[PDB]
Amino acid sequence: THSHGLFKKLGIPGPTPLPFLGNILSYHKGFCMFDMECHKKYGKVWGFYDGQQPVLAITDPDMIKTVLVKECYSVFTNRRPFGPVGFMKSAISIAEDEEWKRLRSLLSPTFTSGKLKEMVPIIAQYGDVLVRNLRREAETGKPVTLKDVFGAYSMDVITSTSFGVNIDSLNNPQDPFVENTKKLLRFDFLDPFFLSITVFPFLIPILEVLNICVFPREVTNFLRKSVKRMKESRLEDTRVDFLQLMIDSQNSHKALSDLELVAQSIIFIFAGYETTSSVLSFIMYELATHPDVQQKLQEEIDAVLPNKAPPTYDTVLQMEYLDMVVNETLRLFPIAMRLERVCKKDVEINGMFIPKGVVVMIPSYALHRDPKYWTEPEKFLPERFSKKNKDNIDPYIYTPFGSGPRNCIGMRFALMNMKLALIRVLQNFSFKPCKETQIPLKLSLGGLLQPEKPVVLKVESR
């Protein structure tokens, strides 16, 4: 069509596109598979079309450095729009250009290491809540789905970190916080809706004026009113909360708005609910099929934390083998699967012309399983990140949280929240592969990096 000849005139390889659709039909196996194939059959740089949108994939570590870090503020500043957002336009992950830079500057102190030390005790409380619910699940003698026990833990952590709501989600699934935020799941960009707007981006403004938001409107309105209630109730009571830290910044760039505060509060829930639980389920599955790693980690946890001691910020950063298990699992399963930046101007990077409007993509999943930089990439060898071998890895081929000024702002929080859970559960429980567990676990063919079947494992007291 009009823009389907852009990659041919630049001498860039890629799958031949079909009219009105581009290469969306090649998504029959999902983004992860499709990127790995195009890597094998085209080399280091290739291109494809999401409808009429040209997407350029780069794998050179220097080019990834230029896009994500070097020329970030100048050229590659924003991600591609993904649908009708409504008032959630002010979310930091959705904000663009000057709005994003202000929001990140006014929200960066919220994710300091010092503020994280102050949040460890609160996250610790629901680690003990997790084992109690896990004790009953283990005594039943039946396999346990890890997605639900971790989702309950992640929900409990989010409600206590973002707000002052202290709830046991597993046994109290009736609080309006628990019910509405339970629907804040990841986006399957290969479902009929997101596929349709990817081929029909012209329908996004139509959806917006219909007040059709990508997020559930009932959940957003409830959470906005809840913050309005809490903001008044916190004043009447006159704290360690993502909200309170934002309140303590609003009263003292230019400023942060009341609606902006609500928007960022919801995005923290959206960025943390399933992502933490999904990675936690992935981590425990890999420990069950490789008990040697599970044994050494359990021994290391007992060494740093004798007599089932409670974890502390400093002790968590001390445990090395736990950091190795988390990193290697993220290498096998980068749940973002991709990193995207929009080229706002005509620019040349590392001797390559990038015309304005092209979406530049970094295939995180494809790079993390590339035989070039990784040895036996299909295996779970957590020793790759040993202190001696933790330098050979290129920090721009392994990008689980992204890189540059637009990386995951909650990387330290997520890593601490995940590790705090892993210490408590492993030092009390051991996990064995039940029959229903798929030993060669298969990944889903949709837009999410999730297993084909929910991971079920046998759990027992230690």
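Definition used throughout: the rigid core is the maximal C-alpha set that superposes within 1.5 Å between two forms. A residue's number is simply how far along the shown sequence it sits, counting from 1.
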Could you check whether 176 to 184 or 109 to 117 drifts more from the shown form in 6 other deposited structures of this protein, using RMS Cα distance once the core is superposed? 176 to 184
Between 366 to 374 and 208 to 216, which has the larger RMS C-alpha deviation from this form in 6 other deposited structures of this protein after core superposition? 208 to 216
Please confirm whether residue 237, modelled here, goes without coordinates in at least one third of the other compared entries that cover both its neighbours. yes
Residue 295 coordinate gap across at least a third of other entries: no
Enter the number of deposited residues without atomic coordinates between residue 252 and residue 253, binned as none, 1 to 3, 4 to 9, or 10 or more. 4 to 9
Can you count the deposited residues that have no coordinates between residue 238 and residue 239 and report it as none, 1 to 3, 4 to 9, or 10 or more? 1 to 3
Higher average CA B factor in the deposited record is what I'm after, so tell me if that's 200 to 208 or 298 to 306. 298 to 306
State which stretch shows the higher mean Cα B factor in the entry: 259 to 267 or 225 to 233. 225 to 233
Among 363, 84, 351, 334, which carries the highest Cα B-factor? 351
Lowest, middle or highest third: where is residue 61 by C-alpha B factor in its chain? middle
In terms of the CA temperature factor given in the entry, to which third of its chain does residue 187 belong: lowest, middle or highest? lowest
Third of the chain's Cα B-factor distribution that residue 16 belongs to, per the entry: middle
Could you place residue 274 in the lowest, middle or highest third of its chain by Cα temperature factor, using the values in the record? lowest
Could you look up the Cα B-factor of residue 98 in the entry and say which third of the chain it sits in: lowest, middle or highest? middle
